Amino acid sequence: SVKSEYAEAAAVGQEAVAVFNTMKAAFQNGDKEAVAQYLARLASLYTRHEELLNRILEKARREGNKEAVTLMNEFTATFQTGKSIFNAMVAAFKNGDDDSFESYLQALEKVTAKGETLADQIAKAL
């Protein structure tokens, strides 16, 4: 159901957290080769999560689930903010700008955490 599809989306989000934290570690340690591979992994995760999120949103819409639609619209907007910062980070990595990479790493953390207390409102609304 929409709810099993949400637990699958939540698990991909958790896969991103795990990989992001091992990417941050590699960045701090200077292992650019690893960072490069982690950024590719995280790109695919974002893409996969965004597709699971769109299917959940469209499903909630077809189901007339107004509250779920409101919360999903708010969550995906925030999700997109994190994606846009991620893309800026990838660009900082290609350009050799470590000052910006570190900054984006931090802002992407704060934007992802903020979107968490809502993630547990969607779950109960679907």
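Think of the rigid core as the biggest set of C-alphas that the two forms share within 1.5 Å after superposition. The first residue of the sequence shown is number 1, and the count goes up from there.
Outlying stretch relative to shown form, 117-125 versus 2-10 in 9 other deposited structures of this protein, C-alpha RMS (core):
Clearly, after the core fit, the stretch farther away in 9 other deposited structures of this protein is 117-125.
Decide which of the stretches 4-12 and 115-123 has the higher mean C-alpha B-factor, going by the entry.
Result: 115-123.
Would you mind comparing 73-81 and 97-105 for me and telling me which has the higher average C-alpha temperature factor in the entry?
The entry gives the higher C-alpha B-factor average to 97-105.
Considering only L39, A88, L52, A60, which residue's Cα atom bears the greatest B-factor as recorded?
That would be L52.
Lowest, middle or highest third: which one holds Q28 when the chain's residues are ordered by CA B-factor from the entry?
According to the entry, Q28 has a C-alpha B-factor in the chain's lowest third.
Among modelled residues of the same chain, the CA temperature factor third for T47
Highest third of the chain for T47's C-alpha B-factor.
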